[PDB]
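> turn this into a structure:
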Amino acid sequence: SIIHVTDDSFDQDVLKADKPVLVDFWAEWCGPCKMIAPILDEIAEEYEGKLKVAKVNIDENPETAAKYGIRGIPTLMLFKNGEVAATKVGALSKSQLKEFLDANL
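Numbering: from 1, shown residues only. Take a look at the structure below.
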């Protein structure tokens, strides 16, 4: 399950979620973001009982990019309880992403 989230919906969709949310900050000009997209598609399904996946295009959503200090991408941020539990900057492999989630969920 993946949702596309905007500045206007971030509070509802991410901060008020009933499950942890992995936020993928991306943009069109980001090659590594495209390389990790299919991995996130798989992770979203495999972790559906544990996690919600959200995508935020940073060019279209400057408020959220500014608020969370998103400077380079890819950046992934795992939210729990309305707060950032962990941040990863730069691409990682599927196995690396699972390590990150398993430790930080």
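
> can you tell me which helix in the chain is longest?
helix 31-46 (DSSP state H).

> so which bits of that one are buried?
For helix 31-46, the neighbour count (16 or more other C-beta atoms under 10 Å) marks 33, 36, 39-40, 43-44 as buried. C-beta here means a position set from N, CA and C on the backbone, and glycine is covered the same way.

> any idea where the helices of this structure begin and end?
For the chain, the helices defined by DSSP H cover 10, 31-46, 62-67, 94-104.

> could you dump the third one to CSV, C-alpha only?
Once non-C-alpha atoms are left out, helix 62-67 reads as follows in CSV (Å, rounded to 0.1, in the frame of the first residue of the first chain):
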residue,chain,number,x,y,z
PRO,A,62,8.1,22.7,-0.2
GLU,A,63,6.5,23.0,3.2
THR,A,64,7.2,19.4,4.2
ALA,A,65,10.6,19.5,2.7
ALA,A,66,11.5,22.6,4.7
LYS,A,67,9.9,21.4,7.9
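
> how far off centre is it?
Taking C-alpha atoms, centre = their mean, to the nearest Å, one finds helix 62-67 lying 14 Å from the centre of the chain it belongs to.

> residue 28 is in contact with residue 60, isn't it?
No - Residue 28 is beyond contact range of residue 60, at 10.0 Å (criterion: C-beta atoms under 8 Å).

> the longest helix of the chain relative to helix 94-104, how many degrees between them?
Interaxial angle of helix 31-46 relative to helix 94-104 (axes from the mean of the first three to the mean of the last three C-alpha atoms, to 10 degrees): 60 degrees.

> what's helix 31-46 in contact with?
Helix 31-46 has contacts (C-beta atoms under 8 Å, 6 or more residues apart in numbering) with 1-2, 22, 24, 26-27, 51, 53, 55, 73-74, 90-94, 97-98, 101.
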